[PDB]
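Since the structure comes first, as structure tokens, the remarks are kept for the end.
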Amino acid sequence: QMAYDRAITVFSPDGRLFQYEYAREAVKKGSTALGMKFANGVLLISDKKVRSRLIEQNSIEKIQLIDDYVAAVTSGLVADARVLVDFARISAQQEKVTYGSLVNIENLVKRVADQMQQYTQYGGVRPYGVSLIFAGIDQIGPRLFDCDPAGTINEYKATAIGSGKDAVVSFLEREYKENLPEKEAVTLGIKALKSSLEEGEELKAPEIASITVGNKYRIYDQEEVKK
Amino acid sequence: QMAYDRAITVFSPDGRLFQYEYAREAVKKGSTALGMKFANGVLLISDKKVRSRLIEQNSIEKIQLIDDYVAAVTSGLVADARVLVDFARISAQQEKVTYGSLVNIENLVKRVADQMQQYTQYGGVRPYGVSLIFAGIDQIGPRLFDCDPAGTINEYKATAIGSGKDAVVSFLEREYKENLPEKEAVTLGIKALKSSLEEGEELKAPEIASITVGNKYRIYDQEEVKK
Amino acid sequence: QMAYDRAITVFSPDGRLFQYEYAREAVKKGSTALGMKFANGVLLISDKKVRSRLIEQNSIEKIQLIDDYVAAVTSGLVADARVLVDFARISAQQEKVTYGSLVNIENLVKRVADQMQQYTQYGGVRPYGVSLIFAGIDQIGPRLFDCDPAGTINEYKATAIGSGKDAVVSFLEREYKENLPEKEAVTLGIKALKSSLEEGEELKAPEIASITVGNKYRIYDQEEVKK
Amino acid sequence: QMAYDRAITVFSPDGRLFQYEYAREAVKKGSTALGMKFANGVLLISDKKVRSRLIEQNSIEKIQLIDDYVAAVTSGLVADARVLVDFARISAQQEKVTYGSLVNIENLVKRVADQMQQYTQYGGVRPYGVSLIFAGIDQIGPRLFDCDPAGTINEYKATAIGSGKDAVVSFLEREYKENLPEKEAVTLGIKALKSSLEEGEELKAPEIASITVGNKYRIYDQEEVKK
Amino acid sequence: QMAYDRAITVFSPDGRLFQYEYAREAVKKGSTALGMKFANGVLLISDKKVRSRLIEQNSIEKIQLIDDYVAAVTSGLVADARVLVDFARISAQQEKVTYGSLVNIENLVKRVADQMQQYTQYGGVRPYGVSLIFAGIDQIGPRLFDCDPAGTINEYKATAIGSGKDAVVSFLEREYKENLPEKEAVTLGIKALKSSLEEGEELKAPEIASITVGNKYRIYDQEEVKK
Amino acid sequence: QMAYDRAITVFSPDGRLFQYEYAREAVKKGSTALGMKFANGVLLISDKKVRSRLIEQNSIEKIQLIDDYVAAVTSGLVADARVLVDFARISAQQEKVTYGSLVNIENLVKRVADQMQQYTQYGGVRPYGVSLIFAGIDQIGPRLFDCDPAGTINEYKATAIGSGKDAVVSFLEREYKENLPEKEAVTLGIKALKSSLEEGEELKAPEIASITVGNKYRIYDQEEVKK
Amino acid sequence: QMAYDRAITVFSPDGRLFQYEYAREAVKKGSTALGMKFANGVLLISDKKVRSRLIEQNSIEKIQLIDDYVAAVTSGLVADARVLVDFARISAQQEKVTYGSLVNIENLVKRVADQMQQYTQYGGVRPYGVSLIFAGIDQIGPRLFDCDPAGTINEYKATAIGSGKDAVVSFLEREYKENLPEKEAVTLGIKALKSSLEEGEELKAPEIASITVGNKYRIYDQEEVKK
Amino acid sequence: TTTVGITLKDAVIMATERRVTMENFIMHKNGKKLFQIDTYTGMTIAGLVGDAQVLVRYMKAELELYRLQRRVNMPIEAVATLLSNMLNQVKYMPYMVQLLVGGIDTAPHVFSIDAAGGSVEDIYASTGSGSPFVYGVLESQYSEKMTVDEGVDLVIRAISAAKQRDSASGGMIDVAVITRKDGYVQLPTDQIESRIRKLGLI
Amino acid sequence: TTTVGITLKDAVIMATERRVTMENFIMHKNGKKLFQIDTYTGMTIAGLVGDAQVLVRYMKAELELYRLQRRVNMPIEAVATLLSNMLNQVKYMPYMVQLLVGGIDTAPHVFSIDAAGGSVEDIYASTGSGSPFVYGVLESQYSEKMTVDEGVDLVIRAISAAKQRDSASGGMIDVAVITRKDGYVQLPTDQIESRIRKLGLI
């Protein structure tokens, strides 16, 4: 509808938000990633894309920590992603200051979606062109969430993000199993990733980051990734 | 009227608000649900739609509590629904703080509609794409309300919401009875729901939540739902 | 004028406000009602329209009290009507607090029209799509007013509102009499209402509310309405 | 100029303000009235138009007092007229409070035009669709003014307003005389009014209000008007 | 340029401001006037246009005083002229309060142009449709200025304004002489005015106002004007 | 690009600002001027254009002082030029107050460009239609700058401005020499000016203003200019 | 997309920001420059373009210092570049004041990108038409960054900027080596620059600025540049 | 209250007591006044409990943020500077506290900080009503050439003395040790009781 | 506290002691009160430590900014003027300090500055509780014709006297020398101890 795809604050006669459905198209341009729970833990993986040797390999990593017990990874407009992650790293500290300890994760993911939905109902501002993944350990246990540009929240046992998203959930919806060991689940993940991959491409030292109860996150090096 | 369907703050020559009639089209896209009163109580039901096994079944539930004596369920833009429910959960506490006890429900539903009508008469902001149901017990007794995107309030003995709305009220306007037992009314409700359902589909562990005077809400499990 | 019917703050070459004449078209969509003075009193009536049995009959009533000596009834966008009535119920208390007693009614009706005209000369906001009736007793005696969307005030011995407005004033301008008894005037009112009614329809337990000096309002039940 | 008749804040290539010339077209739709000075006094008259018997004859009067020594009458959008008169009734009290006595009238008329010109040079607000007449007694003596929608002030020995404006000034510019008695001037006024009147119509108990030095205003009843 | 003559804040590809060149067209619609210096003094004249006998001849005068040693006259939108003159009458008092005495005139004319240029570089507001003349005596001596709608200031030995502007400066640029007597310069001025006049018209008791060092302004009556 | 030449805050597909390139067209309409350094000094010159004898020759001068050791001259919209020069005369005093002495010039020119660039990245305001020249002596020594409408700063040994700008820099880029005597450089300047001049015109008592270390500015009279 | 290339706050149906892709076209118009790390140091180079002899060679230098241990160089709209560099020179001092020492560089580059992304998600303001390079020494060691108009940050071992950007990274991606001596790396840099250069042009005393641990920056003169 | 922090060749040592006093009597015996705010950084507090607990929460946040964004720990001179500004900014509605900051970067560092923002680096310091009884022990027995085991026994001999002479100091002793190798380490209570008996202070 | 700054033909000399006093006793012995805020400029402080450390950070920034934008150092009269305004602006919620500013531009300059903003240029000045014991030595031994080696020995003879008579002054002496040739130079501690023994003050 060329007449109803100019402003975020306009519904179409069919009751839609094209400027909102469009922002979801900028996400599918980003790299691929996912997350899976298992026995007393949870993890993440990203579709590391090779780049020029001239770039420091310690900043290309999309796996970002929000605290020693929470992490995240993002897809879409990199300029906005860098912002929300900083917004998350700040909301988390507000809780620790207010409650003495990041007692729950949903108290965090919520502060974000509220910041994103805000840019959807007011004019003169565009939404955020990114969706994210959140993972970590709380009083409850292993968690795993996702957030679309408008603020839609949903808690999953597993999920993907990027371009090969639908291709992964397909594979993963069939072969996923609960309460698995660590490496037993990783080899499963790289596979579902390997699925969405085009035949012409392979896997190029992807990022991984796991965690387990009573512990902290562990970014193990590309060496162990080969395995 | 392609000339009068761009802004909320413009009346058509016939005296209408197309941008308001449009928001009511985004609601009919949401799942179906209803609510019924009976002997010393009231309840709710939602058209639970099966999803991937990968999603935690403790967040798909649309039945949301506002207090141990009030609940609600919503249809439409999920991003906005998550907001009003939080707005309601906050307005309710303002009363308890101001009056010591949520003495009435209409004092609450009103604070909401006022927040929604606000986004209908001012430019630069779109309305909310949701209608809701409210239920609970007050000094008076069992109550049951509904709210459209503009703030229209109406108190019912029964009501539906979603896509199969008109199909339900039809069935329900014929077979509804007052001061019924609990389960006697549930079997009636699932039926009116079963009516609006397309033949190709059936019922998939719907959500239910009832309450009775001198008690609190009860979310009984899918086990009892089969019955 | 397709070129001058987009904004409230634009006069046509003939000196008009189409966006203002349009808001008067949304009022004629509402139910019908009227008001009449008589011997030491005044009253109101509304064209009660039958609805589903599923709606509580204690909220369909359009006859709303502003104080034990003032009432009102409205026609048009129900979402906005609910707001002004609350605005009126608040302006009335400001006087009692400021002057110790709602000494006059025009001091109230004025505070409203000022709120409505405000939304007519500024851009970015639409007017209110409603006109109202006000009645009650003051130091002077029985009063009766009306307010259009722009703030036009006029005090009448009788008046109507809704869709059958012109049809009523016609009938009523011919057969109205002053200083009549109570019931003698009611039977006259239902008649002028009966006039504007389409032949296919009849009267369905309309609302009535009268008052007399030294007394308070009286909402007598449908039982006495049959008579 | 269809390209330069949309906003008040736009000059045409010929140096004009169509949105300002348009507001002067809404005034000519209002009733007719005038004002004349004479020996130690001044007065006003309005073209009272018959209305339904159902309207109280104590509110149809357009002759409005601003103080016991100043009055006014208006033509145009009745919704805005009711506002400025209240604005005038407030500006007058500011002087009495500031200077102890409404010492001059031009100190008042000025506060108004300043409020009207304000709505002519800023966007997002429409002008006022009314012109007024002011009369009264000050330290100087009998005065008489007029104000157009933009703030143009001019002091006259006589003036008219409404639809039959030009027709009156024509008649009146020929037969007007200074320092006349009271009734001798009234019979002259009704005549110039009678002139602009269409042959099919006559005079219907017009409003009159005079005053004389050392005295206050006098609204004499329709009885004396017949004479 | 129909594409670049809508807003003040838009330059044309040739580097122009049509909305600014247009405001200069509304000035040429106003009456004519001028000002001339001479021996130890300066004066002003206006093209008094006859009007109806019904208007008090003590308000038609365009010659306005800002202080007993400064005056001015204006051409263009009368509604705005009345405003700046009040703005000038206020800026002058700010100096007397700040410095104890209006020591210079340029300190005043500057405060105005700054108020006018302000309405040229910001959107949502139209410029002023007037140019003015200023005259008076300061510590330096006789002065004489002019101000266009944008704030352009220039000090002259003589100048004109209105419709016959160019016609006057032509005549006056040829026959003007410095350090002349009072009346010797007046007869020269009325002549240059007589020049720009159309043959069908003559001079109708124009306004004049002169001044001389160590003195105050003198508005001599029409009687002496005949001479 | 008729589609990208309406607002300052819009880049063209080629990465340009037409509304910015346009403002540079209003400058080329102004008179011509330049500035040259030399042995222990610096100077300025302006293309004085003859005007009517009726204008005081003490205000036509475009050579404006900012302090006894800094000057400037401007080209373009005269209404805006008068403003920045006042803005400069104020910024200079802020330094003297803050640091006790205008220690540097670049600390001044910078405060201006910052005020001009401000009106280039925000909507609802047009840029300034002028470029300027600055000259003077600081702790360092002779300086000479220039500023375009956007804030571009550049320090030169010589520069021109106005309409004959390119014609001058051409001539001057060939025959300029450093560390010259005073008059030896002036005769060079008038020549480069004489170059850009059209054959039909000559030089009409141009403005000049020089300065030397340990001294102040010197505006020598037209008498010495002939030489 | 002529329909989606007008405002920054509008996504295209394909999920893009043309107004953002356009700003990247104004950068490619600027001069060329790069930066390279090596053994215990890092450096910069700029494609110095010859200009008129009339410009002081101490302001043409694009190599700008932010502190004695950090520098930068920019490409694009020179008016905006001058601003961010001042913004950077201020953010750096905020750290020294807050933490006593510019302990890290990323704490600085971040404060900038946040200022640039700000002008990308809000309407009424255009982005910045520049990308930059940052270099310097911190607690970690030699660093090197880059920033696009939206805020995208990336840390490199080498990078280029300007028009010959892609041409350089090509050459440089092949022949770059780590931990090299100083001059051994310079001769490599000028070469990659020499590559992107058009055959018709050569190198014209380019700017260079290096640094080494425990030291400060060194802007060595054109003399050593020849070598 | 009694806090102490010293500095050695490649280590830092901090210690406190636990007694708290509210309402002019001994309301709590096992309070807490020694905190780990970073991987190689610790802090002590003395004065108003509320104002101190607040800060400890602010600092833990500012330093965990930095560590995640920049990927390394903030130096110690900067930590003290950050506080100095956060306190001077409210020197007229101030926090009524006295603080010590100690940690490891390229070398050990200890800083004392007052309510107005004054920060000073020193080899050893002490805060609280029992501070002077500690300075008397350090002036007489401190030596930069000492080991870690010797420095632990010293801070114990010192606080054990203030407890004998300051009424607002008492309780079990909490001790921490910081090194680039093992990091921040809070000593077990049994090791403290052991050294005490070994020294003769019970 | 005791600070001193003098002026010679082509040089400037500034000196302080190091003792600090918090909580009404000697809490630190090797404090710092003499700072380099520019290439040819220095400053001393006396009074509230926090309020002073803050300023030193503001000034170091304003002067390093100027030097980078304008490419040259700010004069000294302007530095003092900048402060004078930054203090008078809060003379009712003020900084409780006394300052000295010294540097080189075309000539040497020394300025004294109070809490309210008063700035005065002089050939020599002193701040702190030990100031008067210094003015007594300079009134008797100062001479514009002196060299640098003679001026260093003088500021030492002066502060060494205040330490003998002012209880709030003590510690090792920090000395700085400023010249257009060698710039700001802080003297090594060994050279100070040497001159002291050479003079007989230990």
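Identifiers for the structure tokens are assigned positionally: chains receive A, B, ... in sequence, residues are indexed from 1 per chain, and ligands are indexed from 1 in the order shown.
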
Checklist entry - Please, which residues of region 5-166 of chain I, numbered as in this document, come out helix (DSSP H, G or I) from DSSP, as a PyMOL selection string? => result chain I and resi 49-70+76-88+131-141+148-163

Using C-alpha atoms, can you export the residues from the last selection as a PDB file, in the first residue's frame?
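Ended up saving to again_29.pdb:
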```pdb
ATOM      1  CA  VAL I  49      42.005  19.193  49.436  1.00  0.00           C
ATOM      2  CA  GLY I  50      38.937  18.069  47.514  1.00  0.00           C
ATOM      3  CA  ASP I  51      37.998  21.518  46.270  1.00  0.00           C
ATOM      4  CA  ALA I  52      41.583  22.018  45.126  1.00  0.00           C
ATOM      5  CA  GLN I  53      42.111  18.714  43.329  1.00  0.00           C
ATOM      6  CA  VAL I  54      38.932  19.415  41.371  1.00  0.00           C
ATOM      7  CA  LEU I  55      40.178  22.758  40.081  1.00  0.00           C
ATOM      8  CA  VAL I  56      43.551  21.334  39.071  1.00  0.00           C
ATOM      9  CA  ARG I  57      41.610  18.958  36.841  1.00  0.00           C
ATOM     10  CA  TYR I  58      39.480  21.723  35.336  1.00  0.00           C
ATOM     11  CA  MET I  59      42.495  23.913  34.633  1.00  0.00           C
ATOM     12  CA  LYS I  60      44.620  21.158  33.110  1.00  0.00           C
ATOM     13  CA  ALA I  61      41.749  20.584  30.696  1.00  0.00           C
ATOM     14  CA  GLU I  62      40.950  24.168  29.726  1.00  0.00           C
ATOM     15  CA  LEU I  63      44.630  24.791  29.016  1.00  0.00           C
ATOM     16  CA  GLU I  64      45.313  21.600  27.080  1.00  0.00           C
ATOM     17  CA  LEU I  65      42.242  22.298  24.971  1.00  0.00           C
ATOM     18  CA  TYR I  66      43.337  25.851  24.153  1.00  0.00           C
ATOM     19  CA  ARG I  67      46.846  24.641  23.339  1.00  0.00           C
ATOM     20  CA  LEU I  68      45.518  22.137  20.808  1.00  0.00           C
ATOM     21  CA  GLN I  69      42.889  24.296  19.129  1.00  0.00           C
ATOM     22  CA  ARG I  70      44.926  27.571  19.026  1.00  0.00           C
ATOM     23  CA  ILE I  76      49.352  33.940  32.620  1.00  0.00           C
ATOM     24  CA  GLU I  77      47.205  37.021  33.181  1.00  0.00           C
ATOM     25  CA  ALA I  78      44.429  35.137  31.403  1.00  0.00           C
ATOM     26  CA  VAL I  79      44.809  31.962  33.451  1.00  0.00           C
ATOM     27  CA  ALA I  80      44.343  33.953  36.641  1.00  0.00           C
ATOM     28  CA  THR I  81      41.399  35.825  35.146  1.00  0.00           C
ATOM     29  CA  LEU I  82      39.737  32.570  34.125  1.00  0.00           C
ATOM     30  CA  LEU I  83      39.947  31.305  37.698  1.00  0.00           C
ATOM     31  CA  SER I  84      38.863  34.624  39.202  1.00  0.00           C
ATOM     32  CA  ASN I  85      35.586  34.243  37.323  1.00  0.00           C
ATOM     33  CA  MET I  86      35.181  30.542  38.071  1.00  0.00           C
ATOM     34  CA  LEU I  87      35.352  31.328  41.788  1.00  0.00           C
ATOM     35  CA  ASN I  88      33.423  34.592  42.034  1.00  0.00           C
ATOM     36  CA  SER I 131      52.992  32.083  55.002  1.00  0.00           C
ATOM     37  CA  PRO I 132      54.053  34.779  57.510  1.00  0.00           C
ATOM     38  CA  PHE I 133      57.194  32.932  58.564  1.00  0.00           C
ATOM     39  CA  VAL I 134      58.109  33.037  54.876  1.00  0.00           C
ATOM     40  CA  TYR I 135      57.360  36.705  54.256  1.00  0.00           C
ATOM     41  CA  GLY I 136      59.750  37.456  57.096  1.00  0.00           C
ATOM     42  CA  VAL I 137      62.577  35.663  55.321  1.00  0.00           C
ATOM     43  CA  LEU I 138      61.914  37.196  51.919  1.00  0.00           C
ATOM     44  CA  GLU I 139      61.596  40.762  53.198  1.00  0.00           C
ATOM     45  CA  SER I 140      65.116  40.307  54.575  1.00  0.00           C
ATOM     46  CA  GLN I 141      66.946  38.273  51.922  1.00  0.00           C
ATOM     47  CA  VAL I 148      68.483  30.594  40.182  1.00  0.00           C
ATOM     48  CA  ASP I 149      70.792  28.644  42.478  1.00  0.00           C
ATOM     49  CA  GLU I 150      70.464  31.461  45.009  1.00  0.00           C
ATOM     50  CA  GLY I 151      66.687  31.557  44.729  1.00  0.00           C
ATOM     51  CA  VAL I 152      66.371  27.824  45.286  1.00  0.00           C
ATOM     52  CA  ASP I 153      68.443  28.026  48.459  1.00  0.00           C
ATOM     53  CA  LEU I 154      66.189  30.865  49.591  1.00  0.00           C
ATOM     54  CA  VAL I 155      62.828  29.131  49.259  1.00  0.00           C
ATOM     55  CA  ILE I 156      64.406  26.259  51.175  1.00  0.00           C
ATOM     56  CA  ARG I 157      65.658  28.479  53.990  1.00  0.00           C
ATOM     57  CA  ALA I 158      62.155  29.928  54.129  1.00  0.00           C
ATOM     58  CA  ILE I 159      60.031  26.785  54.256  1.00  0.00           C
ATOM     59  CA  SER I 160      62.520  25.100  56.573  1.00  0.00           C
ATOM     60  CA  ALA I 161      61.687  27.910  58.983  1.00  0.00           C
ATOM     61  CA  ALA I 162      57.919  27.537  58.790  1.00  0.00           C
ATOM     62  CA  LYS I 163      58.328  23.828  59.480  1.00  0.00           C
TER      63      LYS I 163
END
```

What are the nearest atom pairs, with distances in Å to one decimal, for all residues of chain G that come at most 8 Å from chain I, using only C-alpha atoms, set out by chain and rising residue number as a Markdown table?
```
| residue | atom | partner | partner_atom | distance |
| --- | --- | --- | --- | --- |
| G:65 | CA | I:68 | CA | 6.7 |
| G:66 | CA | I:68 | CA | 7.3 |
| G:67 | CA | I:68 | CA | 7.5 |
| G:89 | CA | I:65 | CA | 6.9 |
| G:90 | CA | I:65 | CA | 7.8 |
| G:93 | CA | I:61 | CA | 5.7 |
| G:96 | CA | I:57 | CA | 7.4 |
| G:97 | CA | I:57 | CA | 5.5 |
| G:100 | CA | I:57 | CA | 7.5 |
```

Could you pull the residues within 9 Å of residue 158 (chain G), counting only C-alpha atoms, minus those fewer than 4 positions along the same chain, as a JSON list (two decimals) with C-alpha atoms, in the first residue's frame?
```json
[["chain", "number", "residue", "atom", "x", "y", "z"],
["A", 54, "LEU", "CA", 43.06, -6.15, 8.69],
["A", 55, "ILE", "CA", 40.33, -6.17, 11.37],
["G", 34, "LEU", "CA", 44.63, 6.00, 5.94],
["G", 35, "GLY", "CA", 46.23, 4.62, 9.08],
["G", 36, "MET", "CA", 48.48, 1.70, 9.92],
["G", 37, "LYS", "CA", 49.76, 0.04, 13.06],
["G", 144, "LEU", "CA", 43.08, 2.53, 15.45],
["G", 145, "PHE", "CA", 39.37, 3.01, 14.81],
["G", 169, "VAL", "CA", 42.27, -1.54, 1.20],
["G", 172, "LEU", "CA", 46.84, -2.88, 1.57],
["G", 173, "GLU", "CA", 44.95, -6.13, 2.22],
["G", 176, "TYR", "CA", 50.32, -5.31, 4.84]]
```

Item to check | Neighbours of chain F in chain E at 7 Å, counting only C-alpha atoms, as a PyMOL selection string | outcome: chain E and resi 9-16+117+121-123+150-152+154-158+173

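Candidate residues H:187, H:125, H:201, H:172 were compared for distance to chain I, and the nearest is H:125, using only C-alpha atoms.
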
Checklist entry - Out of region 108-149 of chain I, which residues get strand (DSSP E) from DSSP, as a PyMOL selection string? => result chain I and resi 108-113+119-121+124-127

Those selected residues, please, written with C-alpha atoms and delivered as a PDB file, in the first residue's frame.
```pdb
ATOM      1  CA  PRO I 108      57.787  35.904  34.328  1.00  0.00           C
ATOM      2  CA  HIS I 109      54.602  36.407  36.298  1.00  0.00           C
ATOM      3  CA  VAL I 110      53.197  35.301  39.648  1.00  0.00           C
ATOM      4  CA  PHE I 111      49.602  35.710  40.788  1.00  0.00           C
ATOM      5  CA  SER I 112      47.848  35.213  44.110  1.00  0.00           C
ATOM      6  CA  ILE I 113      44.175  34.256  44.098  1.00  0.00           C
ATOM      7  CA  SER I 119      43.714  38.107  41.622  1.00  0.00           C
ATOM      8  CA  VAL I 120      46.850  40.168  42.210  1.00  0.00           C
ATOM      9  CA  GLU I 121      50.252  40.062  40.539  1.00  0.00           C
ATOM     10  CA  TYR I 124      56.736  36.909  45.391  1.00  0.00           C
ATOM     11  CA  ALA I 125      53.921  35.471  47.449  1.00  0.00           C
ATOM     12  CA  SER I 126      53.054  32.674  49.837  1.00  0.00           C
ATOM     13  CA  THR I 127      49.966  30.873  51.107  1.00  0.00           C
TER      14      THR I 127
END
```

Item to check | Neighbours of chain H in chain I at 12 Å, counting only C-alpha atoms, as number ranges by chain | outcome: I: 18-33, 47-55, 57-58, 92-96

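Interatomic distance, CA of residue 217 (chain C) against CA of residue 102 (chain C): 15.5 Å.
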
Next on the checklist: Can you measure CA of residue 3 (chain H) to CA of residue 99 (chain H) for me? One decimal in Å is fine.
Outcome noted: 8.9 Å

Checklist outcome for this item: Restricting to only C-alpha atoms, whichever of D:135, D:203, D:185, D:192 is closest to residue 171 (chain D) is D:192

Checklist entry - Could you pull the residues within 9 Å of residue 42 (chain H), counting only C-alpha atoms, minus those fewer than 3 positions along the same chain, as an NGL selection string? => result :H and (14 or 34-39 or 100-103 or 176 or 178 or 184)

For residue 161 (chain B): contacts at 8 Å, only C-alpha atoms, fewer than 4 positions along chain excluded, given as a JSON list (two decimals) with N, CA, C and O atoms, in the first residue's frame:
```json
[["chain", "number", "residue", "atom", "x", "y", "z"],
["B", 28, "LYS", "N", -9.43, -8.14, 15.25],
["B", 28, "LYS", "CA", -10.03, -9.35, 14.71],
["B", 28, "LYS", "C", -9.00, -10.35, 14.21],
["B", 28, "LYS", "O", -9.37, -11.49, 13.90],
["B", 31, "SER", "N", -6.34, -14.05, 18.56],
["B", 31, "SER", "CA", -7.03, -15.26, 18.98],
["B", 31, "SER", "C", -8.37, -14.91, 19.61],
["B", 31, "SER", "O", -8.69, -13.75, 19.87],
["B", 32, "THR", "N", -9.17, -15.95, 19.85],
["B", 32, "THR", "CA", -10.52, -15.79, 20.37],
["B", 32, "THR", "C", -10.54, -16.05, 21.87],
["B", 32, "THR", "O", -9.74, -16.84, 22.37],
["B", 33, "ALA", "N", -11.46, -15.39, 22.56],
["B", 33, "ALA", "CA", -11.62, -15.56, 24.00],
["B", 33, "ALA", "C", -12.96, -14.98, 24.42],
["B", 33, "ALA", "O", -13.61, -14.27, 23.65],
["B", 34, "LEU", "N", -13.36, -15.29, 25.65],
["B", 34, "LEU", "CA", -14.65, -14.84, 26.15],
["B", 34, "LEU", "C", -14.64, -14.84, 27.67],
["B", 34, "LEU", "O", -13.63, -15.14, 28.31],
["B", 74, "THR", "N", -6.39, -10.40, 26.36],
["B", 74, "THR", "CA", -6.30, -9.37, 25.34],
["B", 74, "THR", "C", -6.20, -9.98, 23.95],
["B", 74, "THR", "O", -5.82, -11.15, 23.79],
["B", 75, "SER", "N", -6.53, -9.18, 22.94],
["B", 75, "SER", "CA", -6.45, -9.58, 21.55],
["B", 75, "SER", "C", -5.94, -8.41, 20.72],
["B", 75, "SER", "O", -6.37, -7.27, 20.91],
["B", 131, "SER", "N", -8.28, -4.75, 22.10],
["B", 131, "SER", "CA", -9.36, -4.69, 23.06],
["B", 131, "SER", "C", -9.10, -5.75, 24.11],
["B", 131, "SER", "O", -8.37, -6.71, 23.87],
["B", 132, "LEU", "N", -9.68, -5.56, 25.29],
["B", 132, "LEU", "CA", -9.38, -6.42, 26.42],
["B", 132, "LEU", "C", -10.65, -6.90, 27.09],
["B", 132, "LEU", "O", -11.76, -6.43, 26.81],
["B", 133, "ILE", "N", -10.46, -7.85, 28.01],
["B", 133, "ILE", "CA", -11.49, -8.30, 28.92],
["B", 133, "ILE", "C", -10.95, -8.16, 30.33],
["B", 133, "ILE", "O", -9.76, -8.39, 30.57],
["B", 165, "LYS", "N", -15.55, -13.60, 17.39],
["B", 165, "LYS", "CA", -16.36, -12.82, 18.33],
["B", 165, "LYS", "C", -17.84, -12.90, 17.98],
["B", 165, "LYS", "O", -18.64, -13.41, 18.76]]
```
